[PDB]
């Protein structure tokens, strides 16, 4: 096992959604090195590679999630913490 700072929080999960359902949905983006769901239909997913997280935020956000029981919901996928710089070389810029 291993962990990363390439983390997204997922929301709007059905209460019957398992971390295995979550991992199965998010693996479309890349390798999941840590996953977990909580009580309130919320979860975290950590990716081995940053670019795979970015894909998840871009492509898996607002998608149809189907739990193992068959419960469907449209989920929210966003980066946990301050977002990553978009492509191109880094620049120091004030934000918020």
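Residue numbers count along the first chain shown, from 1.
- As the entry records it, the average C-alpha temperature factor is higher for 65-73, out of 42-50 and 65-73.
- The PDB entry records a higher mean C-alpha B factor for 32-40 than for its counterpart among 56-64 and 32-40.
- Residue-level temperature factors show residue 92 in the lowest third of its chain, judged at the C-alpha atom.
- Ranked by Cα temperature factor within the chain, residue 11 sits in the lowest third according to the deposited record.
- Per-chain ranking of the deposited C-alpha B factor places residue 83 in the highest third.
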